[PDB]
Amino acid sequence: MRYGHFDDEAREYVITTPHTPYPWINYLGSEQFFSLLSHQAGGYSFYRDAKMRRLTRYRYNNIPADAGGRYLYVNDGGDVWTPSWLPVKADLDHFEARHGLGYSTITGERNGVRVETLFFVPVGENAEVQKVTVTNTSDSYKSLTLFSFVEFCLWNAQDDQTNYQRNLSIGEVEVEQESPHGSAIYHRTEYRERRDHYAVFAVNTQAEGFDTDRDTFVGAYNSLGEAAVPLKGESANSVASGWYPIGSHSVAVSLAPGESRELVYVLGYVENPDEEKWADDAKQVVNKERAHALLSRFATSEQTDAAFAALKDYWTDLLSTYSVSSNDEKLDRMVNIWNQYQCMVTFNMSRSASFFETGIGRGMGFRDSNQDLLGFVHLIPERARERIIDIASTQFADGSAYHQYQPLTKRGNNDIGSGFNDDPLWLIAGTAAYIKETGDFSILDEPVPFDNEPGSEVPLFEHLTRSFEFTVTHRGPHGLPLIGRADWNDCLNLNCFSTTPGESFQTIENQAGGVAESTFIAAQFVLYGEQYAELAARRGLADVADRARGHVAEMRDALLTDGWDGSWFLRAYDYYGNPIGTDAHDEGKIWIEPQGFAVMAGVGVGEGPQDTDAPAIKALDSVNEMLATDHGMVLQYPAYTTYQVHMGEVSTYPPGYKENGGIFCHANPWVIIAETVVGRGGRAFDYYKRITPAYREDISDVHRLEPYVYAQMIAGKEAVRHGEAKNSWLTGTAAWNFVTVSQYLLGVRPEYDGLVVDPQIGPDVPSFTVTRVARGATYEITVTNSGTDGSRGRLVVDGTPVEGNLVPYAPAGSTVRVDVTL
């Protein structure tokens, strides 16, 4: 069944009931200020870093889930309810939530009163704005009191929920009932000491009353659904001192029948230079200038409506670089709106904060963030270029890298492990995708520190050299790269041997030495090793390019000789040089990661799909018999049913879950792309449709999570919950699936010299058009597609048959028309 439906004209997902299988969230903001907002107004907001600057408090694993957030309590002659349904859970006559691009609306109506709240983060603002429209839909007059509500976090989210022994005594606010445009409350915890920032929570009318103390507003022994102040019908005017600061105004509203009233609430992040912090000599009063400035920018409905319209315009421009028109409207929906939109979210937030990721331990992953670029280069290239510099700056001089870094400070840390040997090659992966998209080679010349260290700056191209050489100088006995702590698969820990609990595998000390090798990193070196060689060559460094091609050539032979099991690729060699991922074993015979990535690098590829004997065809066929399920390909098979002490975290998950037999969706695109490489478009599209949101919308009761974005993992076939997703929104899946569908199934992809047009999608999409803006020119590409295996497109360029599948770049301002037959 389903719990909503897409509105494509409006670019929304419409949720038509509060009763979803799980809270379904949207992200607001796309720059430096971000809100997680569920279809029940639950979630929170943070500036730049969800661990370090979290404005509002959110409880994960709450009972019930998502039972805190941005609430508006409506008092109608004693009867109190919330338009978001939760927390009060009063019966409503109408409920609807629309999740849009950077905005959502939530409408709830009861006993002839309707509240619509629009939530968004305005372009160029560090604030979350709410436009509330209250409508009398009844026959007679209405006298209402509205109580806004939000609960502050004390900035440090980790301190906020572990350190009450100090926390309970630092909560400080300032109250401003007569603000120049209404009323505002200031959350200024720790402003007295080191923080130069505070939050403001304001309404654009004179509020009747306020509250800043949670225990007063909610009342003893009470849930947010039983909150006392809204029930008494008048604010308490509480002034927090320690305990739990909140933001809350009451507003009196009288409405004739059919009359509506509009209110604008604002939650802002404000920052004063240290010299400019105090209004007063005594340093007791926050300087409020910048906050008033913000509040004057949203003092009226007109201003709010214009900011909303600017945000539409912003997304319209962003979505204008790639789109498609076909018979398949789910396909179209994903390519044109939701996947590109999700890619923007993953670029900004990485893997740190969702309704699964707690925005505590994880910042920006070195490998996750490089991979996110592949899906974001087309959207905003300038910000993509800057991010590459920031990531490369967390690389060490020996070519090894900080596994992740902190969003606020941009500085690397070892909080979730160090010494993952697959990390360095990803840097090449993102830089090359950026230069193909833009033609901007000048980034190779940007100076970049090692470990953020001044005076260590060398050109970014030299960072890429260190990345290539790191692998070159860390190969094992078979010539395959030494694995280290792990590769892309974080739970493949062959240098660990921990039999005692209490410490994560990701951070636990590793035993030095051994010969543990990785076929995945091997594939990775072949793929990104070439890209690095081609950059060196274009740079004019011919000896360098040739040496590297030599090393790539060698790793290719090593992969086929010592990394090949007979019917598929091996996965690794353990610390003592024993194979992993062989038919010789009873469990974990076949792993997806090497199969997809090796065939993507061209390894084992023969002449046709017809040439079944080619290693790539076998590995892929083995993958279809052993790994593929209705809901996607599982990670390896069979799952391990007992702890493999020499292998780390992988076998610690119950079978069918996560790294042990789960469907990691991120790995799927790799196989799908491989299928297009070997010419089986129909198979490749099928893999695509099984894990793609628009196609799984009709089994929303199985998937459970959002029908409009990719998830990290789906319960695999050895799991009793097979089909159910976890960890939605924040996943490499998004970027990699965009790369897959846009560049290999539809087949329009940037190269340094031209646009390649080489579709491979099968009989299910007989005709389509791609509109692609590249290098300042627009390419209109019409494809007539027979779907046949092994059949690749023949180009006509501006009415004239041409050879090959590459169209060289036209001057900006040009319009090129490409017609493809296959």
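Residue indices: 1-based, along the sequence shown.
Look at the C-alpha B-factors of 321 to 329 and of 496 to 504. On average they run higher in 496 to 504. Taking the mean C-alpha B-factor of each stretch as recorded, 274 to 282 and 463 to 471 are not equal, and the higher mean is that of 274 to 282. Between the residues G268, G363, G716, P83, the entry's highest C-alpha temperature factor is the one at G363. In the deposited coordinates, the residue among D79, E457, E593, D211 with the greatest CA B-factor is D79.
The entry lists a Cα temperature factor for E803 that places it in the highest third of the chain's modelled residues.
Ranked by Cα temperature factor within the chain, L55 sits in the lowest third according to the deposited record. Ranked by C-alpha B-factor against the other modelled residues of its chain, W488 falls in the highest third. In this PDB entry, the Cα temperature factor of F34 sits in the bottom third of its chain's modelled residues, the lowest group. Ranked by Cα temperature factor within the chain, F46 sits in the lowest third according to the deposited record.
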